[PDB]
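As a starting point, one isolated chain is supplied in structure tokens, in the form deposited in one PDB entry.
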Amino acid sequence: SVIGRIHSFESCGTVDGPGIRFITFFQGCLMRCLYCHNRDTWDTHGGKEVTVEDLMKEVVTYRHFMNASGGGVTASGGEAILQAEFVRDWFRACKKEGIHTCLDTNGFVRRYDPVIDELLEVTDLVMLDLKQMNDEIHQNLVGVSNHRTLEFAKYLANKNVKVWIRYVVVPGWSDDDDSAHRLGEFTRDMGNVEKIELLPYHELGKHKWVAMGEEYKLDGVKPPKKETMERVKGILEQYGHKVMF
């Protein structure tokens, strides 16, 4: 029945645990972050066609490695939530195999049909990218308003879904102190954020823009100052957050 469109899949040791995570990067994203790591995930009509059956046969070989703490599967890519029906089925097949499931998303949910709730029932962890609390800047950095992502976040809180937050720090855009406080405050109130990951801006994936003959509006911006990272981090910890930077 449901077929999925993916950019790729790779197994990888979870940043902090002995387990391995099988990560499937779903094809397609409606955002256009100036710093996008892989713009090749943008096209919703690209990638490869795979069935739930196909992915599970790829995850099995890694089974022994997923029963270790952070071991499990992750739906990432561009925006995995755009293919919410398939991810639901994938996660359902994984749940019966005794596998931990993580939904890595930007939360750019357009409509709130029941499939989302179904998806969450079989989602052990939601990794939410919060790109910018100041919508003025968010529009300029991403190309869309953060309103939907923000509603989605509140949606997850009211459901008591365990959430980790990811925030990309970029000098001149998200290094602002007023923005760190807005983020720390907002996530504090959600009440379900268990940890925040601070990622310093990186000019990686730039060859994907130039390759497709496109202009990168951040080729002149450099990573954030080691001190600046400590600044925002310290600000977020004031709201009672574990910042795993």
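Whichever C-alpha set is largest while still superposing within 1.5 Å between the two forms counts as the rigid core. Note that residue numbering follows the sequence shown and begins at 1.
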Mean C-alpha B-factor higher for 201-209, or for 60-68?
-> 201-209
Of 72-80 and 110-118, the stretch with the higher mean C-alpha B-factor in the deposited entry is 110-118
Out of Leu218, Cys33, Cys29, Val52, which one has a C-alpha B factor higher than all the others in the entry?
-> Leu218
Cα B factor band for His147 (lowest, middle or highest third within the chain) | lowest
For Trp90, the third of its chain into which the C-alpha B factor falls | lowest
What third of the chain, by the recorded C-alpha B-factor, contains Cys12?
-> middle
Should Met127 be placed in the lowest, middle or highest third of its chain by the C-alpha B factor in the entry?
-> lowest
Give the position of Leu103 by CA B-factor within its chain, expressed as the lowest, middle or highest third.
-> lowest
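As for the form deposited in another entry, it is not shown, yet the points below apply to it.
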Answer yes if the Cα of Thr14 shifts by 2 angstroms or more between this form and the one not shown on a rigid-core superposition, and no otherwise.
-> yes
Rigid core fitted, then: does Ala68 show a CA shift of 2 angstroms or greater between this form and the one not shown?
-> yes
Say whether the C-alpha atoms of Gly17 and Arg188 sit closer together or farther apart in the other entry than in the form shown here, given that their separation changes by 3 Å or more.
-> closer
Do the C-alpha atoms of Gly19 and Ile165 sit closer or farther apart in the other entry than they do here, given a shift of 3 Å or more?
-> closer
